[PDB]
Amino acid sequence: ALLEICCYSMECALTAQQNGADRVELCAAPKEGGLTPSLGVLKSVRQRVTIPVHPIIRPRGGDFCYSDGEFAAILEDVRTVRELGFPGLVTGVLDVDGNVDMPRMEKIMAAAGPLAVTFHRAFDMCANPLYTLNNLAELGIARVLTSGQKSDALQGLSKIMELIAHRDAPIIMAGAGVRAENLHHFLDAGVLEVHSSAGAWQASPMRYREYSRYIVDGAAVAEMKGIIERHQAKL
Amino acid sequence: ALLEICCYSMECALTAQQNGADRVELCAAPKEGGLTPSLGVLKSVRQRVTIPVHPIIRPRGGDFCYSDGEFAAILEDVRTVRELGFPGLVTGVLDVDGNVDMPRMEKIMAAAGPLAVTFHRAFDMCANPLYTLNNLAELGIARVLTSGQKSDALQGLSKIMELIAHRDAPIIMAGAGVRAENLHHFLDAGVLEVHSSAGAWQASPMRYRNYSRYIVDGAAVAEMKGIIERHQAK
């Protein structure tokens, strides 16, 4: 299985790379669940990270029913990420009823060109999982990040397995709560790609008193990669 | 006094403008306290908003003691905002002892060029307010956003009035808790500029499920502008 690490900085992305990560999902604002990184961060990652990096395109937290103004920015960000040379990107747009907004997604796919597009956890808030998978396949989505529509991927494992079994659908990447302690569950289930934040808290260096920084734990990345390699060796 | 409204989207910035805002501080991620907006949002604003807009340059929430990696991004963001034609920007970097990081701020000023740089609430985390004002003046900082080093600007208004008396310092802009109900207090105090995030969390329009978006209150912006005008009129 491929190991994707969610990173909130260039340094974290580099740490993930040096510890075995196969891919990185690049975001900003962990308290928002991941927002589009600024151009400064995007350019920095393009110059410092060599493994595949897929930036998230999300202007704000909350739902995925974007206004025309927000969507205009999303389209520009897609074009920009493509122009900068990223191999893929992560995004997702839904209508008020939880259906994938096809017109909006088609516009995103057009702007993305040849990039490998990941439809993110908006999938976990959508109605009709199988029908949605079919629509995502129609759009040409490369993979879908999902927790099986549950609080965490492990709880939604049965769902995830149903998604993988579903014919004519993009790659299913398990995400949300995935860590070394439960990774084997997904590997045995046949999950081809896993997403983890390998999160850890870093104390603030401030002496005069700002809070802890959310960062990637290199040891955790290496540990998960070892688990995948050993599992890949047995079967 | 000049009215600056903190907006978290292009549409909110336009709403602020249409209701009398003199300037907009453009941010993303309200839950993080305001982070750098993506290029798409930046370009959108330059295309639609005419009043002065100062984007915030802040890679993450929390403290202002950025890593070398984060700082590299910050400088590129400063160059980007300058190249896009914004008239100013908002940022701030501190050391571990609560002092302005002069060596790094100097690099920011260099990259900023002619843009009017606002030092944000990192100011309220500094050990010595007066010495910090001197440092900001030394850097060429245009203005500083402060709550008088208190939970809210009203609580720190006596301190703000003291700071305003200090010559050769950046413009003092009161911020944190500023609203129509208490604006008259800052105006009477003689504050030259006020910063308000006049808005609220609007519920998501989603009708399906297996407080979602922070929007500006255009009516509040209009009300505050009226208060400012009437205060100056008679």
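We name chains A, B, ... by the order of the sequence lines, and we start the count at 1 in each one.
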Region of [X] that comes under 4.5 Å of a non-hydrogen atom in chain B:
{"X": "A:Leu39", "result": "both"}
{"X": "A:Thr80", "result": "side chain"}
{"X": "A:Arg207", "result": "both"}

Is any side-chain heavy atom of [Y] closer than 4.5 Å to one of [X]?
{"X": "A:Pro30", "Y": "B:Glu32", "answer": "yes"}
{"X": "A:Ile57", "Y": "B:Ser38", "answer": "no"}
{"X": "A:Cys65", "Y": "B:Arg207", "answer": "no"}

Which bit of [X] is near chain A, if near means a heavy-atom gap under 4.5 Å: side chain, backbone, both or neither?
{"X": "B:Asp68", "answer": "neither"}
{"X": "B:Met10", "answer": "side chain"}
{"X": "B:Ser67", "answer": "side chain"}
{"X": "B:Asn210", "answer": "side chain"}

Quick check on [X]: does its [atom1] atom have over 12 non-hydrogen neighbours (other residues, nucleotides or ligands) under 6.0 Å away?
{"X": "A:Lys159", "atom1": "NZ", "answer": "yes"}
{"X": "A:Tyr211", "atom1": "OH", "answer": "no"}
{"X": "B:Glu138", "atom1": "CD", "answer": "no"}

inquiry  = I need the residue from A:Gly62, A:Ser204, A:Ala29, A:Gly98 with the largest number of non-hydrogen atom pairs under 4.5 Å to chain B.
reply    = A:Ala29
remark   = Between A:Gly69 and B:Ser44, the two heavy atoms sitting closest are O-OG, 4.5 Å
ask   = Considering all heavy atoms of both residues, which atom of B:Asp63 and which atom of A:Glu210 are nearest to each other, and what is their separation?
value = CB-CB, 3.3 Å
query = Should B:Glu76 and A:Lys43 count as an ion pair when the cut-off is N to O under 4.0 Å?
reply = no
task = With a 4.5 Å cut-off on heavy-atom pairs, point out which of B:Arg209, B:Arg213, B:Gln47 contacts chain A the most.
result = B:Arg213
ask   = Of all of B:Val41, B:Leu42, B:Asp97, which one pairs up most often with chain A through heavy atoms under 4.5 Å apart?
value = B:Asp97
Value rounded to 0.5 Å, distance of CD in B:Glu70 from OH in A:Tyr8 = 14.5 Å
ask   = Can you check whether B:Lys31's main-chain N or O pairs, donor with acceptor, with A:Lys31's side chain at less than 3.5 Å?
value = yes
query = Do any of residues 99-136 of chain B come closer than 4.5 Å to chain A, heavy atom to heavy atom, and if so which ones, in number order?
reply = B:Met125, B:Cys126, B:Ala127
